[PDB]
Amino acid sequence: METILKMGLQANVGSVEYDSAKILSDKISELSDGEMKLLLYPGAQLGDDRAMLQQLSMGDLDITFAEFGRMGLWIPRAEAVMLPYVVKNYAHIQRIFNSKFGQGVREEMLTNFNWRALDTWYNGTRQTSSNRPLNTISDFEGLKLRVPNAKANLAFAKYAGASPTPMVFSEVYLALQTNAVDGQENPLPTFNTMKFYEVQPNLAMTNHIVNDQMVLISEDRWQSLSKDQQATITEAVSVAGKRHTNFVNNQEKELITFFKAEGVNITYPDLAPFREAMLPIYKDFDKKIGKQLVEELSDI
Ligand SMILES: CC(=O)N[C@H]1[C@H]([C@H](O)[C@H](O)CO)O[C@](O)(C(=O)O)C[C@@H]1O
């Protein structure tokens with residue numbers, strides 16, 4: 001081996017994201033005949049996504065994952081893509097990523113922050129688990145709902161009427177287990193592999209945020225690779241992404257049966273009241289960004 005790359009991710013070994021990172025790594029080695037290798041640093045051992053993104057900018061890490069909307073911390077308009085109920089499905093996030101708006105964000109990521117977006121995959125639609133059944137939006141009143149350190153998720157919790165509790169991902173299981181919080185929200189593969197179902201007796205299909213999953217490489221690293229090495233990474237990303245998105249789609253169907261068998265009570269609230277409750281988020285965001293951006297993205 002001669003060219004050694006490093007990838008970091010928050011998700012643990014055993015997660016869909018890790019499984020796909022291992023595919024990346026295996027395909028990079030296979031297609032390069034062992035000349036290239038990808039080392040893997042899971043479980044947020046390097047920090048959270050925000051920290052790993054900075055490490056990519058500095059060249060201390062080569063590859064990491066990030067949602068398009070997470071770019072909003074550095075490129076404010078991108079946040080709109082993570083506001084609850086804006087993105088309808090994966091095909092919609094693909095239209096956004098490929099649109100002139102998406103291209104403009106991707107160019108800014110490369111120019112300012114040394115991030116080259118190679119693809120974006122489907123990471124699932126977030127759902128809300130809890131220690132009591134949630135059948136209507138009114139049931140969110142008083143719910144101590146853990147959220148990531150992300151304003152969109154915090155706003156979902158706030159406008160649903162819950163009491164948002166930001167917390168890093170690695171601390172969630174213990175907080176649920178001890179009832180320090182009453183619930184969390186994440187896609188179903190995550191709810192499975194993090195074992196949150198072991199400590200959450202209810203799951204509500206709020207369908208509130210569609211998460212993509214960009215594969216970012218340091219632009220400096222990319223430019224230093226040969227054309228052959230670039231082709232290897234492009235093909236590895238294509239192979240891994242096809243498998244990732246398909247696995248998430250399959251799991252979103254198959255996991256319902258599994259969670260029921262494990263004793264989880266699954267509820268399906270009417271979502272029209274949830275969508276209505278989120279409208280002030282869009283008005284505020286449009287006011288801050290200076291245009292009707294949420295509506296323009298929703299119509300892309
Ligand atoms: C790429 C990445 O690290 N994604 C992580 C996301 C994002 O940080 C968040 O959605 C904001 O974009 O948060 C989690 O879902 C969470 O803490 O519940 C864990 C997940 O691994």
Side-chain angles (χ1 to χ4, degrees), residues 7-21 24 40-56 61 63-76 78-84 86-87 93 96-97 105 109 115 117-130 145-157 162 164-176 181 183-197 199-200 203 206-217 240-241 244-245 248:
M7 174 171 186
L9 62 158
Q10 289 204 89
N12 293 341
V13 175
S15 66
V16 61
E17 299 98 323
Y18 174 80
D19 288 344
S20 293
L24 286 177
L40 302 177
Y41 300 87
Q45 64 186 267
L46 305 178
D48 73 348
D49 54 347
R50 300 177 293 177
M52 295 181 275
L53 284 164
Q54 192 62 26
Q55 294 159 30
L56 250 70
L61 190 63
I63 298 173
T64 201
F65 289 132
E67 297 157 19
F68 186 100
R70 193 59 146 173
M71 295 292 102
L73 296 172
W74 299 270
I75 302 168
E79 198 184 13
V81 179
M82 192 192 316
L83 301 178
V86 174
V87 170
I93 209 145
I96 292 165
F97 185 93
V105 170
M109 268 167 69
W115 301 327
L118 297 175
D119 198 0
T120 194
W121 306 342
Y122 180 48
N123 220 51
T125 303
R126 305 182 79 99
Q127 313 296 348
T128 305
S129 68
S130 54
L145 180 55
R146 178 271 170 175
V147 292
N149 299 296
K151 287 178 177 182
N153 303 60
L154 176 70
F156 169 70
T165 311
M167 179 190 301
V168 298
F169 186 53
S170 62
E171 287 184 6
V172 175
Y173 183 96
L174 177 64
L176 301 171
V181 298
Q184 62 81 58
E185 48 79 49
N186 257 299
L188 297 190
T190 303
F191 188 68
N192 180 39
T193 61
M194 291 292 277
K195 305 298 202 295
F196 294 158
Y197 65 88
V199 290
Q200 292 283 266
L203 178 65
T206 50
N207 288 281
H208 52 277
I209 294 168
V210 171
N211 287 154
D212 71 321
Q213 200 81 172
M214 305 188 292
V215 180
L216 302 187
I217 190 165
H244 186 97
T245 292
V248 173

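Along the sequence shown, residues carry numbers from 1. Counting starts at 1 for both ligands and their atoms, following the listed order. Both backbone and side-chain heavy atoms feed into the values below; hydrogens, waters and symmetry mates do not.
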Determine whether the side chains of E185 and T128 contain a donor N or O and an acceptor N or O closer than 3.5 Å.
no
Give a yes-or-no answer on whether the side chains of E17 and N123 include a donor-acceptor pair shorter than 3.5 Å.
yes
Tell me whether the rings of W121 and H244 are parallel (<30°), tilted (30 to 60°) or perpendicular (>60°).
tilted
What residue and atom, counting heavy atoms only, is the protein's closest point to atom 1 (C) of ligand 1, and at what distance?
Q213 OE1, 3.4 Å
Compute whether any side-chain donor of one residue and acceptor of the other, for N186 and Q184, lie under 3.5 angstrom apart.
yes
Please verify the inter-ring angle class for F97 with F68; under 30° counts as parallel, over 60° as perpendicular, anything in between as tilted.
perpendicular
Any nitrogen or oxygen of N211, side chain or backbone, less than 3.5 Å from one on ligand 1?
no
I need the atoms of ligand 1 closer than 4.0 Å to a non-hydrogen atom of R126, numbered in the order shown.
10 (O), 15 (O), 16 (C), 18 (O)
So which protein heavy atom does atom 20 (C) of ligand 1 come closest to, and at what separation?
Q10 NE2, 4.3 Å
Tell me, which protein residue and heavy-atom name are nearest atom 14 (C) of ligand 1, and how many Å apart are they?
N186 OD1, 3.8 Å
Could you list the atoms of ligand 1 found under 4.0 angstrom from a heavy atom of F65?
1 (C)
Quick test of your reading of the structure: of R146, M167, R50, whose heavy atom lies closest to atom 17 (O) of ligand 1?
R146
Checking side-chain polar atoms at under 3.5 Å, does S170 have a donor or acceptor matched by the opposite partner on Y173?
no
Tell me whether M52 reaches ligand 1 (any heavy atom closer than 4.0 angstrom to a ligand atom).
no
For atom 11 (C) of ligand 1, what's the nearest protein heavy atom and its distance?
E67 OE1, 3.6 Å
So which of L203, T193, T125, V248 actually passes side-chain contact (heavy atoms from CB on, under 4.5 Å) with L188?
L203
How close does the nearest protein non-hydrogen atom get to atom 8 (O) of ligand 1, and which residue and atom is it?
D49 OD2, 2.8 Å
